[PDB]
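What follows is calculated from the coordinates using simple rules that are stated; it is not laboratory data. Every residue, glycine among them, receives a Cβ derived from its backbone with ideal geometry; neighbour counts consider all protein chains shown.
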4 protein chains.
Amino acid sequence: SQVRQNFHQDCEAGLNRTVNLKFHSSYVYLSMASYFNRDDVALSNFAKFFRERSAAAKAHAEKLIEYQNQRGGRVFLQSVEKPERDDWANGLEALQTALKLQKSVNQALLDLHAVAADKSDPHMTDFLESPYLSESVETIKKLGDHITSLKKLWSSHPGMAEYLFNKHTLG
Amino acid sequence: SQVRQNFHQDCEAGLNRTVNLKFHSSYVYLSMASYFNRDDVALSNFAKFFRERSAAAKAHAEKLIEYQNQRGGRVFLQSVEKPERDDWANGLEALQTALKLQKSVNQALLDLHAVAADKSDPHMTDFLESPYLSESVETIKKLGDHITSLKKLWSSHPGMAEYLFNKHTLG
Amino acid sequence: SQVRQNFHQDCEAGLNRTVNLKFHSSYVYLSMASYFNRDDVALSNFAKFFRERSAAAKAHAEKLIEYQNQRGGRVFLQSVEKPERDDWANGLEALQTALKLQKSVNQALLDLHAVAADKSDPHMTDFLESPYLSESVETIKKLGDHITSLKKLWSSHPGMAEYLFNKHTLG
Amino acid sequence: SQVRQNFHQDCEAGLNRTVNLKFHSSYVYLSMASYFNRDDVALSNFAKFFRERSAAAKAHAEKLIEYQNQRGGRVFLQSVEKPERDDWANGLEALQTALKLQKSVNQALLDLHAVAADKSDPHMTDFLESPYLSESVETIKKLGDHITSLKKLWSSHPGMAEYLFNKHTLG
C-alpha cells in the first residue's frame, strides 16, 4: 500500500481481532435489550440502556475499520459469535454481566495499546487513548455505580427494585 | 494602618480564627462529597449537596478575609486540618455530622459577635448578622428537616431510604 | 473495587500527594491575593491575577479527586500547610515566587506521569497530559513573560513600575 | 408629636449636629472639586471624584433630616461653616485631608450610634448601620488605597504622578 507507513503487522492483526470483539459485545447488548422488552420482563428503560450500549460498541467497531483503512492496513472480518445466553435472568444479573464484558473489552484495548507502544506507533496509541480507553473507564464507572444502587434496593424487594430503578435511574 | 478605626485586636484575632474554621468545614464537606461519588456508595445527589455546602463555607472564609482588609486588620492564615474521617458510613450519618458541624460553626460566630458587641463595633456586628448568622440558622433548619425525613424512611429500609431520598429530596 | 482495573497503588498514592500539593499552591495564591488588597499595598489587578491562579489550582485538585474515584482508587486527604509567608514584599517578588511554585508543581506532575508510564497506564498518562501538563507550561511561560516586563520597569522606578504594570498588563 | 415614640432628646439633638457635619463635609469637597478645575491645576478627574464625595455627603444630610421627621423629632438647621482652606496644595494633600475628614465624620456617627444604643433605640441603630456606617468604612478604605497608590508614584515624579493617577485611577 502506497499509504502504509510505520504500521506493524501485529497492530494490523490486533485491530481486526478488536473489531470482531466490538461486534460481539454489540450483539450481546442487543440480546439483553430484546430480553427486557419481553412482555414477561417489561423493563423498557433497561432495554433502552442496553440499546445504547450496543449502538456505541457497533460505532467503535466501525471506527476501527476506518482506522485500518486510513493506515493502509487491510480489513478481514470474522464471523460474529452469538451471545452466551438468550435469557438474562434479571436486571441486576444483566448489569453485572455487562461490567465483566466491559472490563474484558477494556483489557483487550490495553493489550492492543501495549503492542502499538512496543512497536513505536504514536499515531495508534494516541488514537486508542481517546476516545476508546476513556470511553471504557467512564462506562465501567457508570456500570459500577448502577450495580451499587440496584444492590441496595435489591436487599429490600427485588420486584420493586427493578421497577424503581427502571424509572428513576434508567429513565 | 491609616484606615484602621474602632477595630479591636480581639475582633481582628477572632476573625482570623473564624476563617480557618470556615476553611476546615469546607474541607470536611469536600471529603463527604467525594465519599458519595465512590462507585461503592454512588449517591450523586448527596455528593452534589455537600459540594454546595463546601463552596458556601469556602465563600464565607473568603469574605471574612476581605472584611479583615477593609477594616485595616492583617490576615494570618493557619494550616487547615484534615477532616476527622475518610469514610462517612452512610447518608444519615453524614447528614448528622454536618448538623453538629454547622452548630459549632454557628456557636463560633455568636462568640465572635459577642466580642464585637462587647468592644462596641456596630460595623462588625451588622456584618456578622447578615448574611452569616442568618445563613447558619437557615442551613441548620434545612439539615434538621433532612435528618427527620431520612429517619422516617430509614426505619423501613435504609438501602431504599438513601436511594429514594437521593432522588426525591436531594434531586 | 469492582471498578478498579490496571490501576497501580503508586499511581493511586501519587494522585493523593498531588491533590494536597494543588491545595497548598491554591492557599499560597489566596495569601498573595489577600496581600495585594491591603490598603498599604493596593494593587487590585495583582490581587485579581492571583485569585485566578488560586481558583485554577483548587479546580485541578478537585478534578484529581474525581479521577481517583473514576478509577476505583480511594481518596485520602491530608492537612493543608499554611503558606510560607504572610507578607509577599512586592509585585516582582510575588511573581518570582509563583514561578518557582509553578515549576515545582510541574515537576511533581512529570514525576506522577513517569510512574503512570512505568506502570503502563495509558489512561492516566493521557489524563495527566491534557490539560494538566499543558496548563503548567502555559502558566510558566506567562509568568516568565510577566517577570521580564516588570524587571524592565523596575530598573527605572519600582513604585511607578507596579502601578503601570498593575494597570496595563494585569488590567 | 402624635408620632413620637421611644425617641430620646439626645438622639434628636445628635441627629441635628450630624446633619450640619454632613453639610460641612459636602462644602469642603465642593471646595476641593472647584480647586482642581482651576486652569493652573487642571486635574479634571480629581475634581470629578470630589464632586461625587460632595453629592454623597449632601444626600446623607438630607436623609438624616427625613429621619428626624419620620420619628417625630424637630429639625433645627445651623449655619454651615466655610472650608478651612481655599487652596488644597495638590492631589496627595487633598486626598489626605479627605481621609481625616471621613474618619472624623465616621467617629461622630459611631458616637451617635452609641447614644442610640444607650437609649435603647433599635430603629435608630439599625438606621445608622446601613448605609451610613457601611458607607464610611468603604470610603475610608477607598481613600486609603488611593493615598497608597499616589505615594508610590509621588516618590518618582509628583508632576507625572498626578497626571497618571488622574487618568488611570480617577478616570
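Go through A:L95, B:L150, B:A89 and say which Cα lies farthest out towards the positive end of the charge dipole of the protein assembly as shown; charges sit on Cβ, +1 for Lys and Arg, -1 for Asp and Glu.
A:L95
Check each of the GluC sites (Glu not before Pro) in the stretch A:131-171 and keep only those in coil by DSSP with at most 14 other C-beta atoms within 10 angstrom; list them in order.
In loop regions of the stretch A:131-171 (DSSP not H, G, I, E or B), there are no sparsely surrounded GluC sites (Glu not before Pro).
Does the stretch C:71-112 classify as rounded, prolate or oblate by the C-alpha gyration tensor (a ≥ b ≥ c root eigenvalues; a/c under 1.5 gives rounded; else a/b over b/c gives prolate, otherwise oblate)?
Oblate, because a/c is 1.5 or more while a/b does not exceed b/c.
Compute the convex hull volume of the Cα atoms of chain C, divide it by the residue count, and report the result per residue in Å³ as a whole number.
101
Given label points at 7 Å from Cα along Cα→Cβ, what nm distances, shortest first, separate C:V137 from the same residue in every other copy?
2.1, 4.8, 5.7
Tell me which GluC sites (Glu not before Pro) from the stretch B:62-125 have a DSSP coil assignment and no more than 11 other beta carbons within 10 Å of their own.
B:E84
In what order do B:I147, D:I140 fall by count of nearby beta-carbon atoms within 10 Å, going from fewest to most?
B:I147, D:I140
Determine the calculated [θ] at 222 nm for chain C from helices alone, applying -39500 (n - 2.57) to every DSSP H run no shorter than 4 residues and normalising by the residue count; nearest 500 deg cm²/dmol.
Taken over chain C, the calculation gives -25000 deg cm²/dmol.
Quick one: check the C-alpha center-to-center distance for the stretch B:7-34 versus the stretch A:9-32, whole angstrom.
55
Where in chain A lies the longest segment free of trypsin sites (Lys or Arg not before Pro) that are both loop residues by DSSP (not H, G, I, E, B) and have at most 16 other Cβ atoms within 10 Å?
Segment A:120-171 is the longest.
State to the nearest 20 debye the size of the charge dipole of the protein assembly as shown about its Cα centre, where the only charges are +1 on K and R beta carbons and -1 on D and E beta carbons.
The dipole magnitude comes to about 480 debye.
Given label points at 7 Å from Cα along Cα→Cβ, what nm distances, shortest first, separate D:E84 from the same residue in every other copy?
Values, ascending and in nm: 4.7, 5.7, 9.2.
Of the residues B:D111, B:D39, B:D87, which exhibits the maximal mean-square fluctuation in a Gaussian network model of chain B defined by a 10 Å Cα contact cut-off?
Checking each option, the largest mean-square fluctuation is seen for B:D39.
Would you mind working out the magnitude of the charge dipole of chain A relative to its Cα centre, with +1 at each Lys and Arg C-beta and -1 at each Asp and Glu C-beta, to the nearest 20 Debye?
200
Quote the relative contact order of chain B in percent (integer), defining contacts as alpha-carbon pairs under 8 Å separated by 6+ residues.
Value for chain B: 28 percent.
Roughly how crowded by other chains is peptide B:64-70, in terms of the mean Cβ count from those chains within 10 Å of each of its Cβ atoms?
4
GNM on chain C, C-alpha springs below 10 Å: top fluctuator among C:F36, C:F50, C:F76?
In this elastic network of chain C, the residue with the biggest mean-square fluctuation among C:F36, C:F50, C:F76 is C:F76.
Inter-copy label distances at C:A117, 7 Å along the Cα→beta-carbon direction, one decimal in nm, shortest first?
1.0, 6.3, 6.4
Mean-square fluctuation check for chain B, GNM, Cα pairs under 10 Å: which of B:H157, B:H146, B:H123 is largest?
Looking only at B:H157, B:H146, B:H123, the largest GNM fluctuation is found for B:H157.
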